[PDB]
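The form deposited without this ligand is given below as one chain in structure tokens.
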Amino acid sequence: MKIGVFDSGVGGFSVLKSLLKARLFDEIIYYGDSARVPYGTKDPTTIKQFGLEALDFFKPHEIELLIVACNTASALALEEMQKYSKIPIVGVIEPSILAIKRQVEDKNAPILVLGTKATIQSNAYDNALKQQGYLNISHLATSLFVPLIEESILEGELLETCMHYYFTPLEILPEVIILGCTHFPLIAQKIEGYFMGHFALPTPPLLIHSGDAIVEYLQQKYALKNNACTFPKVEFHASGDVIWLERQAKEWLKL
């Protein structure tokens, strides 16, 4: 079918990479609000309005389903967007909760949630996780990860120092880490390397990928074949220069 994917910028490509891999949809209309990104360092009122405005962008595209690839938008504007919609709107938060429920049996397992300041402040993951019984949960806003990753600073001294800055105050060694942000998958191995090295772990904690989770959810609900289509057509749209956004699509979608 034909669907739309919404994100604040190019981070949502991490989710698009997953969606493509699953070969679930024939046509995908991706819209990145690159003129206003990032959303994570802003307020609830502003983000909700951005969410509603994303709706207006897709209305004429005739999409059968809208994926809010942005973790920040999913945590603050999903509710409203759905209230006003003739079609289904799926965020990347709830699907990750389901991924945890089946991947993390022990309700006492230490879980660390990483996200933007807005996503963490919303308690979106904390609320959802507790409902499912989990009692050992920790939350951490790692905002500088976003700009570092957009500068393509995916390794080296600076990145290590930034992770050390954010992770040092942590009280509990996580057994599971949720990548509650579109950009974090790009430094997944680095995050794993940090904990394995700093805490001398034989194996890294478990990381939950937002894109892979929403895929598992969309394959279940809205039942879809794992190759219901050959070459999916994709449209790229942005509030900023679309050429700049498309250029990054190459880098993010690349294996």
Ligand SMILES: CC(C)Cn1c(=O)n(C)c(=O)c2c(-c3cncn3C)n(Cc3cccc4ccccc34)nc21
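What we label the rigid core is the largest C-alpha set whose atoms superpose within 1.5 Å from one form to the other. Shifts are known only where both forms have a C-alpha. So that there is no doubt, residue numbering starts at 1 and follows the sequence shown.
FYI, the form deposited with this ligand bound isn't displayed, but the following is about it.
Judged by the 2.4 Å clash test against backbone and C-beta atoms, the pocket of this chain is blocked once this ligand is superposed from its pose in the bound PDB entry, as three or more ligand atoms violate the cut-off.
Using a 4.5 Å heavy atom cutoff, none of 23, 218 and 224 lies near this ligand in the bound PDB entry. Contact check for residue 10: a heavy atom falls within 4.5 Å of this ligand in the bound PDB entry.
Of the heavy atoms in residue 170, none are within 4.5 Å of this ligand in the bound PDB entry. The closest non-hydrogen atom of residue 103 lies beyond 4.5 Å of this ligand in the bound PDB entry. Contact check for residue 175: no non-hydrogen atom falls within 4.5 Å of this ligand in the bound PDB entry.
Comment: this ligand is not present in this chain, but in the bound PDB entry one of 207, 29, 55, 186 has a heavy atom within 4.5 Å of it, namely 186. With the partner omitted here, the residue from 108, 161, 127, 152 that has a non-hydrogen atom within 4.5 angstroms of this ligand in the bound PDB entry is 152. Segments offered: 94-102, 127-135, 79-87, 176-184. Contacting this ligand in the bound PDB entry at heavy atom distances within 4.5 Å is 176-184. Comparing the forms between this form and the one not shown, the C-alpha position of residue 247 differs by 2 angstroms or more, with the core used for superposition.
After superposition on the rigid core, only one stretch of three or more consecutive residues whose Cα atoms move by at least 2 Å between this form and the one not shown is found, at 247-255.
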